[PDB]
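This report concerns only the one structure given below.
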Amino acid sequence: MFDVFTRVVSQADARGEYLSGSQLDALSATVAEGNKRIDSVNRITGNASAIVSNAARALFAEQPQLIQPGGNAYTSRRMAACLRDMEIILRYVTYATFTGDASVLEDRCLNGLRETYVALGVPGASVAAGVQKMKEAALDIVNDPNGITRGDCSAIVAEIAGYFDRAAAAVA
Amino acid sequence: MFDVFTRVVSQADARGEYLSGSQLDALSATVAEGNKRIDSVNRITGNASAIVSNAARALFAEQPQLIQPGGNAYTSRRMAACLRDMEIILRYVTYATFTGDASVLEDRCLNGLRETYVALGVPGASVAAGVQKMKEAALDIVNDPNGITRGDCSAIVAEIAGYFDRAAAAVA
Amino acid sequence: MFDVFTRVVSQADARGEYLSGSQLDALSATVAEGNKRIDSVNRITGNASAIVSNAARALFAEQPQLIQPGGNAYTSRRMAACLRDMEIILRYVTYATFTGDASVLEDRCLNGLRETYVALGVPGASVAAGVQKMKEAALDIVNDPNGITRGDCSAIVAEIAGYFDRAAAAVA
Amino acid sequence: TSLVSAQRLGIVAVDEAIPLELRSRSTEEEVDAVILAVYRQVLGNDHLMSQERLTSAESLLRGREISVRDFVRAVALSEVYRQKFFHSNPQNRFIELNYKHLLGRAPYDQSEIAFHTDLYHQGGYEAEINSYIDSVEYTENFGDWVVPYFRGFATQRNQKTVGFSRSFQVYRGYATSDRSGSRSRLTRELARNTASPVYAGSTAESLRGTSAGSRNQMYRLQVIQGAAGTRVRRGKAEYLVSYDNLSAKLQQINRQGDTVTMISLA
Amino acid sequence: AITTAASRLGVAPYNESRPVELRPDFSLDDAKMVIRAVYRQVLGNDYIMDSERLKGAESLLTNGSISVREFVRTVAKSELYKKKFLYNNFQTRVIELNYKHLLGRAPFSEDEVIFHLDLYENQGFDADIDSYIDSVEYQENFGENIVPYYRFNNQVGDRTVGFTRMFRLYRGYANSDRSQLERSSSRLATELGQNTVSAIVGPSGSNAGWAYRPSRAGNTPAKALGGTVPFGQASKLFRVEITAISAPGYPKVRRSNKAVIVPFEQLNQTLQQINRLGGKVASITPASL
Amino acid sequence: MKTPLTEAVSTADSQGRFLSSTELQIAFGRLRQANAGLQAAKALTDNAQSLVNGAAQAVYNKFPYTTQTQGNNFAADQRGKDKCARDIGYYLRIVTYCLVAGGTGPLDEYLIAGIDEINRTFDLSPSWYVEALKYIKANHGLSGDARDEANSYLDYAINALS
Amino acid sequence: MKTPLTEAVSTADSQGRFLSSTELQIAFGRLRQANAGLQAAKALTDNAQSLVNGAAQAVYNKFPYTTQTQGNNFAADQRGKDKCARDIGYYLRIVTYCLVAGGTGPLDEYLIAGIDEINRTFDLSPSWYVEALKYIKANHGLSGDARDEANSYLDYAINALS
Ligand SMILES: *[C@@H](C)[C@H]1/C(=C/c2[nH]c(/C=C3N=C(/C=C4\NC(=O)C(CC)=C4C)C(C)=C\3CCC(=O)O)c(CCC(=O)O)c2C)NC(=O)[C@@H]1C
Ligand SMILES: *[C@@H](C)[C@H]1/C(=C/c2[nH]c(/C=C3N=C(/C=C4\NC(=O)C(CC)=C4C)C(C)=C\3CCC(=O)O)c(CCC(=O)O)c2C)NC(=O)[C@@H]1C
Ligand SMILES: *[C@H](C)[C@H]1/C(=C/c2[nH]c(/C=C3N=C(/C=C4\NC(=O)C(CC)=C4C)C(C)=C\3CCC(=O)O)c(CCC(=O)O)c2C)NC(=O)[C@@H]1C
Ligand SMILES: *[C@H](C)[C@H]1/C(=C/c2[nH]c(/C=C3N=C(/C=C4\NC(=O)C(CC)=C4C)C(C)=C\3CCC(=O)O)c(CCC(=O)O)c2C)NC(=O)[C@@H]1C
Ligand SMILES: *[C@H](C)[C@H]1/C(=C/c2[nH]c(/C=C3N=C(/C=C4\NC(=O)C(CC)=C4C)C(C)=C\3CCC(=O)O)c(CCC(=O)O)c2C)NC(=O)[C@@H]1C
Ligand SMILES: *[C@H](C)[C@H]1/C(=C/c2[nH]c(/C=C3N=C(/C=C4\NC(=O)C(CC)=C4C)C(C)=C\3CCC(=O)O)c(CCC(=O)O)c2C)NC(=O)[C@@H]1C
Ligand SMILES: *[C@H](C)[C@H]1/C(=C/c2[nH]c(/C=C3N=C(/C=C4\NC(=O)C(CC)=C4C)C(C)=C\3CCC(=O)O)c(CCC(=O)O)c2C)NC(=O)[C@@H]1C
Ligand SMILES: *[C@H](C)[C@H]1/C(=C/c2[nH]c(/C=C3N=C(/C=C4\NC(=O)C(CC)=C4C)C(C)=C\3CCC(=O)O)c(CCC(=O)O)c2C)NC(=O)[C@@H]1C
Ligand SMILES: *[C@H](C)[C@H]1/C(=C/c2[nH]c(/C=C3N=C(/C=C4\NC(=O)C(CC)=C4C)C(C)=C\3CCC(=O)O)c(CCC(=O)O)c2C)NC(=O)[C@@H]1C
Ligand SMILES: *[C@H](C)[C@H]1/C(=C/c2[nH]c(/C=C3N=C(/C=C4\NC(=O)C(CC)=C4C)C(C)=C\3CCC(=O)O)c(CCC(=O)O)c2C)NC(=O)[C@@H]1C
Ligand SMILES: *[C@H](C)[C@H]1/C(=C/c2[nH]c(/C=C3N=C(/C=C4\NC(=O)C(CC)=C4C)C(C)=C\3CCC(=O)O)c(CCC(=O)O)c2C)NC(=O)[C@@H]1C
Ligand SMILES: *[C@H](C)[C@H]1/C(=C/c2[nH]c(/C=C3N=C(/C=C4\NC(=O)C(CC)=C4C)C(C)=C\3CCC(=O)O)c(CCC(=O)O)c2C)NC(=O)[C@@H]1C
Ligand SMILES: *[C@H](C)[C@H]1/C(=C/c2[nH]c(/C=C3N=C(/C=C4\NC(=O)C(CC)=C4C)C(C)=C\3CCC(=O)O)c(CCC(=O)O)c2C)NC(=O)[C@@H]1C
């Protein structure tokens with residue numbers, strides 16, 4: 001897998017070229033955002049159970065067919081699998097945020113997930129809806145102003161939004 | 001394929017729900033952005049031949065192994081096929097820019113392309129390098145301030161760069 | 001696997017019959033050629049490293065795009081994997097020469113090798129070119145008339161050429 | 002197919018393709034489009050050089066002297082079609098290319114391989130090619146004025162189900178072509197009247213997690229296995248292995264004498 | 002097989018335990034049984050807390066995304082396995098544990114230690130685990146769909162030295178491979194280095210002299226070099242391993258474990274003396290003739 | 001599916017051509033229509049439940065037999081009424097999708113293709129849905145370009161049904 | 001790719017747990033090192049050609065037989081000298097990659113893995129490359145944290161070759 005540094009390194013190595021001044025400057029720029037990125041990872045991790053639980057409750061409240069008997073989230077084993085799945089997605093989204101690259105999320109988590117869900121009859125649209133709930137729950141937690149140094153986190157919020165969209169798009 | 005509107009339409013239909021207020025406002029924001037998107041498509045189209053020819057010249061200068069005898073761009077037929085691949089990739093990037101969605105790239109341009117290149121022995125990394133050259137040239141052409149109404153086209157330039165990078169990653 | 005005797009044994013057993021006088025005489029003729037077969041195997045084995053290194057050098061001289069950055073033989077682990085593949089092809093060709101039968105080469109080396117190279121993006125045609133270089137060097141080495149009892153080794157040389165062609169045809 | 006299966010199988014463009022019909026009193030651009038569509042579909046999406054174009058045949062199509070079916074026949078009988086699909090190909094690969102280019106489908110039965118093989122042996126390439134174009138299937142699907150298009154992904158009347166699956170063995174994607185000598189992927193499937201799993205588009209990929217190796221790449225090895236160890240429970244087997252254990256899997260498959268039918272990235 | 006001594010050793014529960022195979026198109030109990038068997042056998046019967054369970058590997062095995070062999074590989078490469086068996090152990094002990102878990106047998110000779118130690122040092126732990134799992138022995142015994150199990154019974158390519166060393170590595174059913182008397186020490190370093198064997202001492206509840214372990218030095222050798230000459234007239238000589246010697250107390254008793262070579266004619270007296278010294282007889286092996 | 005942008009691109013691609021001024025004019029027409037289409041979709045979404053309930057009642061009023069004859073295809077019981085309201089909501093939601101997309105593509109892909117043999121197999125009369133669409137036309141309360149485009153989608157559905 | 005961040009995520013993923021304070025401290029250390037690594041990469045990149053030519057000359061000076069003995073593995077001709085300069089440039093460029101990535105991962109992925117098979121097959125002496133790396137160490141002109149991290153990667157390559 002790649003992080004934000006090794007992605008540019010791999011592209012440069014494929015070209016057999018040193019990183020240009022602009023690429024090194026961009027990497028320095030993402031180093032300057034590193035504190036904000038660590039804060040984002042920490043805040044989502046510190047609220048992960050609440051994010052998963054509230055998102056799942058909202059998902060079943062707006063889609064009661066998932067929890068009706070015979071529904072895909074009915075029975076404790078399938079409900080546990082669904083909750084675990086939400087937590088797995090959230091965890092790999094945090095991995096992608098930490099690394100600064102979606103390679104871990106795409107390669108280890110998202111690849112083949114749509115096929116698995118199809119093969120199992122897990123409704124990918126409702127999983128995408130659940131990831132969307134985890135989306136704003138986590139974006140509001142990252143953007144919570146209380147008890148943190150003042151500054152603009154719009155870029156890291158956009159990057160986390162992109163990871164969450166990749167996961168929802170992959171499942172749906 | 002999808003445009004910027006049918007992507008969210010298909011997502012909503014899978015969810016079986018109406019487009020929310022936020023999605024409709026985001027689509028309205030995309031519509032207000034539409035004129036600069038049409039300029040970017042027009043500017044890339046009007047300079048497509050120069051983009052393809054200059055990028056090909058730069059690629060063959062940087063990688064002379066392609067054009068020497070026995071190389072994959074040697075002989076007129078193979079060289080012309082390479083020039084057609086470059087033109088085709090640029091054309092589909094314009095399609096993606098015009099529609100506002102990348103599905104035209106996966107559905108058509110990148111659908112089995114890596115398999116094709118492996119089967120024929122076309123070097124995919126070299127194709128990715130040529131695509132990167134076309135990216136830099138086309139982004140320069142789109143960002144040209146002469147002979148156009150001044151304004152911020154950073155979002156559309158970022159989107160076009162994303163289409164080019166996705167094309168490059170399909171073959172790299 | 002099969003060797004030269006067990007091949008005709010399997011064919012005879014599928015027909016429920018003993019070998020005929022012609023089949024026994026053909027096997028006796030194979031026995032009469034056994035010293036030259038052992039000599040050919042020994043000569044290729046004693047020069048295996050030279051054959052692999054010289055063939056690889058010739059291949060990368062004629063196909064420089066393999067070793068330019070981004071090429072499939074570029075980076076030390078991929079160049080070493082390529083040299084290892086050359087060595088494996090040569091070793092299984094020697095096995096086929098030893099047994100007098102191509103079953104070991106087909107069943108233990110060429111089984112799924114084309115699909116493996118396609119899946120990995122390894123250019124099979126360039127592997128075949130390397131195999132052709134190994135063929136020409138090895139056939140010269142088997143025909144060298146210095147320090148060996150003079151004899152006509154055209155039949156065993158043709159058989160070794162057939163094994164090399166089998167390998168090169170399976171990869172290309 | 003509908004979108005939800007179409008994106009997964011990578012056949013969205015085929016589904017949304019509209020048949021192209023040369024109507025009477027067609028303009029120059031319409032004849033240009035028909036000629037381009039025929040070259041694209043009959044020659045299997047190759048980059049067609051201007052020196053390989055059938056100038057006289059397309060002139061006859063332009064002057065309405067011949068029909069679309071006649072121009073398709075002329076392209077199929079042309080030396081360009083022979084060069085890139087017949088002279089360097091085995092007969093079974095050649096006739097599946099004919100089925101794809103001329104009827105827009107994969108072969109249904111091994112008897113269809115026995116046909117067009119005997120037909121070639123008796124009446125030559127021209128009779129063998131004319132069998133497809135003069136067939137009832139071509140007539141009912143395309144007639145004299147509709148450019149042939151691929152139909153294997155849609156339910157056809159008098160079709161076997163396997164065709165749909167076999168369709169993914171002859172159509173490898175929108176950005177693909179039938180350019181490179186090659187062996188048919190359907191030989192064993194047709195001979196033994198079987199079906200193979202569809203690994204097209206995103207269907208081939210599988211979950212990785214932490215089980216994939218250093219480079220996070222899984223490979224699917226479809227093999228045919230028998231008892232040579237432990238008990239074999241199926242003749243068909245699928246192995247999902249990381250790249251780092253791929254060589255080890257190949258060698259242990261090899262020393263048990265199992266034949267590898269396919270290896271793909273998952 | 003092992004029939005009369007199966008219960009005395011820890012072999013009896015594994016005699017009626019059939020290998021756990023994941024059949025094609027398996028059910029969910031089959032998947033859970035494979036997960037349970039892999040945890041019990043690969044992790045050597047350690048209790049697995051819920052927080053340490055590999056949820057993702059379990060999910061993938063349940064889904065069919067990985068095979069039993071792949072799941073075993075993921076468990077053996079996991080941080081849980083390395084915490085339990087790698088980070089606090091001499092690499093020879095790591096090799097012993099690898100052979101016991103992934104192959105269900107003890108190492109046969111020093112060559113295996115050489116191969117695995119070189120491979121760990123040159124290519125890492127993951128490559129070494131791969132060599133255990135991609136081995137021909139693994140393929141013939143377990144293959145792709147069978148959980149590795151203890152190979153107590155004689156097989157085609159066995160050496161009897163492995164049968165003896167199995168009971169040095171396995172110490173009973175209610176034992177956990179990190180809860181054995183020797184703790185983190187390598188059990189076979191001396192044996193593999195010297196190509197020697199130890200008398201088999203069975204697990205605790207079935208064998209009173211279970212706790213016998215030879216010391217670092219001052220151990221009575223296996224065979225009676227010299228014959229019966231130091232014992233006057235004697236018929237046959239026996240090596241007796243004695244554990245839990247305490248009654249006389251220090252300094253009369255220095256080591257609680259003692260091996261003595263005694264004649265047949267003193268065997269009665271030896272047993273009485275052992276009873277007096279409060280000891281337990283671990284094993285008695287012929288030492289002469 | 002059928003939208004000005006996707007069809008412009010598909011027509012250009014089938015001809016192997018770059019997007020020219022023709023496709024640019026197509027995009028300009030889409031931009032001119034799109035804001036009105038979006039505000040029509042918003043207006044239909046906000047008043048969606050009232051429109052669906054009123055349309056179902058209008059269908060029941062003009063076809064009273066659907067409310068007291070027993071059978072799977074009728075709305076005499078609660079199950080039939082739920083199915084009917086769900087179907088009319090399907091129609092309204094897909095029409096809003098068409099307004100968003102700028103073409104009948106959502107209707108064709110989701111509803112129109114295959115509607116006739118569904119209506120035939122389950123013995124569902126298309127005149128019921130025609131009356132529902134007529135109520136939606138008469139009660140959506142739209143004006144200008146929003147009304148014109150929305151009514152075009154509604155009577156496209158009506159024409160497909162009749 | 002052995003980098004602090006990728007390995008931290010990989011270790012966390014093997015335990016199937018979220019990133020705790022340990023991984024955050026790994027990221028903080030990576031941030032502390034990254035600016036020095038980037039300036040080291042810039043300094044090596046700007047001086048790369050003179051470093052490669054000087055390193056090649058240093059190797060040719062220490063081992064004059066490489067410039068005067070016929071053979072494919074030597075630099076007695078222009079082809080061998082070009083191969084030698086290309087190899088030293090590979091070494092320097094991948095060292096810059098390591099400085100950018102914050103670990104030996106580029107060296108491991110691109111150069112170190114399989115290099116001994118390369119040197120054995122093509123009869124290339126690792127002592128030559130050790131001398132080239134020593135010249136780069138003695139001549140890169142770096143100071144402080146940049147020098148320490150760059151010398152760590154150069155010494156990593158030296159230790160691999162010895
Ligand atoms: C980034 C892309 C650059 C940029 C663009 C930009 N364009 C406009 C405005 C208009 N552009 C057009 C386009 C066309 N008119 C035509 O007839 C044709 C051919 C079919 C084209 C391509 C139109 C209609 C307009 C509106 C009228 C006007 O000239 O203002 C803007 C202004 C904002 C807007 O959305 O209208 C911008 C920002 N501007 C830059 O600075 C970039 C280099
Ligand atoms: C074509 C292959 C070349 C060739 C071969 C050739 N060899 C022999 C004869 C023999 N060579 C051997 C070989 C070995 N003796 C050993 O102990 C070993 C090491 C294990 C080897 C490899 C033997 C035993 C013989 C027979 C006795 C002899 O020394 O002659 C012949 C003679 C014919 C025969 O089959 O006996 C020939 C023809 N000769 C050429 O000219 C080719 C270049
Ligand atoms: C929850 C929002 C939705 C839902 C979920 C659900 N998922 C499954 C089963 C599986 N989920 C996975 C996914 C993963 N496993 C991993 O290790 C990882 C990381 C690589 C992922 C993403 C897998 C593999 C399975 C199958 C194996 C298993 O059961 O664990 C189920 C159970 C399905 C069944 O029939 O057993 C469920 C219920 N279901 C919903 O309805 C929600 C919308
Ligand atoms: C060299 C002439 C060409 C070349 C080779 C190349 N091969 C690989 C990788 C693999 N090659 C094999 C093949 C085998 N492994 C075996 O054990 C045997 C016997 C059954 C064979 C024939 C396999 C399985 C692999 C992948 C797994 C592994 O490497 O162990 C590579 C590496 C590709 C990569 O790292 O991504 C290369 C470079 N490449 C060229 O460019 C030459 C034309
Ligand atoms: C209904 C009980 C279930 C269901 C069905 C469903 N099937 C398809 C698509 C196809 N069905 C076939 C099958 C055949 N075609 C034939 O000609 C024959 C006879 C020889 C058979 C058996 C094929 C080939 C297809 C694909 C091509 C085509 O659609 O024309 C679909 C559509 C899938 C899509 O995404 O479009 C559906 C919905 N689906 C369910 O959920 C039911 C359980
Ligand atoms: C140029 C940058 C590099 C290069 C190119 C090259 N490509 C081919 C052959 C083909 N290219 C395509 C691609 C497409 N066809 C399409 O219809 C689409 C749109 C969806 C795409 C992307 C295909 C299918 C082929 C197959 C053959 C054909 O003739 O169409 C070649 C020819 C190889 C040969 O003649 O054997 C070449 C040379 N080669 C380089 O070296 C450059 C790096
Ligand atoms: C040039 C000296 C004169 C001239 C020529 C002209 N011809 C056409 C059109 C056609 N010509 C043919 C003839 C053939 N096509 C063939 O393939 C062959 C061999 C079998 C022949 C003899 C045909 C069939 C056409 C119609 C199709 C087409 O237009 O290509 C035109 C064009 C007419 C039009 O576009 O309507 C022209 C201009 N014109 C002159 O003024 C010269 C005296
Ligand atoms: C509780 C009353 C007392 C106590 C207990 C305690 N036990 C252990 C560890 C283990 N217990 C067993 C026993 C079994 N495992 C089995 O499978 C079976 C049936 C066949 C039995 C009887 C084993 C093998 C272990 C070791 C495995 C493990 O994971 O520990 C501990 C843990 C010790 C430690 O973690 O260091 C404890 C605490 N402790 C008390 O204080 C109570 C008096
Ligand atoms: C070198 C200074 C001296 C020397 C060394 C020597 N050692 C061995 C053999 C072994 N060394 C070990 C060591 C370890 N095992 C571990 O687990 C650890 C790391 C965690 C260590 C350090 C082991 C287990 C062996 C046995 C396996 C093997 O042979 O490699 C030998 C070979 C002994 C033999 O006869 O085979 C040697 C030569 N010998 C000297 O003379 C030096 C003073
Ligand atoms: C027969 C002459 C006498 C006899 C024999 C007997 N042996 C066993 C059990 C085993 N025998 C072995 C021996 C070996 N295993 C090996 O791998 C090797 C070769 C490398 C040897 C020599 C072992 C280890 C066992 C136990 C494991 C197993 O049997 O698979 C038994 C069975 C005892 C029991 O069932 O408990 C018997 C009966 N018994 C007599 O009475 C004869 C004097
Ligand atoms: C005290 C910190 C812990 C403890 C001790 C304990 N020890 C014994 C018994 C014995 N200890 C020895 C000692 C030695 N043998 C030697 O040769 C050496 C070196 C010279 C030593 C230190 C021996 C031989 C015995 C057995 C005979 C004897 O008791 O003298 C006991 C008594 C055990 C019993 O039940 O018999 C105890 C209690 N126990 C604890 O709980 C402390 C942690
Ligand atoms: C309401 C106007 C009248 C009515 C309705 C009614 N409909 C059904 C059953 C179905 N309706 C559909 C329609 C759709 N499904 C879709 O996915 C879409 C496109 C997005 C549409 C338009 C279908 C397919 C069915 C059958 C399957 C199902 O039950 O969902 C029923 C029940 C018929 C039955 O036999 O179950 C009813 C009652 N009934 C009235 O009386 C109204 C006048
Ligand atoms: C320079 C210090 C000395 C020297 C160099 C020399 N090297 C070669 C050949 C090769 N060098 C490499 C090395 C690499 N390839 C890579 O991709 C990388 C990792 C990114 C490395 C480090 C390889 C693989 C080769 C062989 C294939 C190739 O030509 O690329 C040669 C030629 C050897 C031959 O037999 O052709 C030479 C001359 N020679 C000197 O005399 C210097 C002291």
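Residue numbers (PDB author numbering), protein chains in the order written: chain AP, 1 to 172; chain AJ, 1 to 172; chain AN, 1 to 172; chain BM, 2 to 181, 185 to 232, 236 to 273; chain BL, 2 to 290; chain AI, 1 to 162; chain AO, 1 to 162. Don't be surprised by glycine CBs; every beta carbon is placed ideally from N, CA and C.
### Task
Label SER187 of chain BL either buried or exposed according to how many other C-beta atoms from any shown protein chain fall within 10 Å of its C-beta, with 16 as the threshold for buried.
buried
Exercise. Exposed or buried, which one is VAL157 of chain BL when buried takes at least 16 other CB atoms within 10 Å?
Worked result: exposed
For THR268 of chain BM, report the span of its beta strand (DSSP E) as first-last. 266-272
The stretch 3-25 of chain AO: positions lying closer than 7 Å to chain BL by Cβ
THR11, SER14, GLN15 and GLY16
query = First and last residue of the beta strand (DSSP E) that includes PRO287 of chain BL?
reply = 281-287
Going by DSSP, what residue range makes up the beta strand (DSSP E) through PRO264 of chain BL?
259-264
> Can a CB atom of chain AN be found closer than 8 Å to the CB of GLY112 of chain AP?
Replying inline: no
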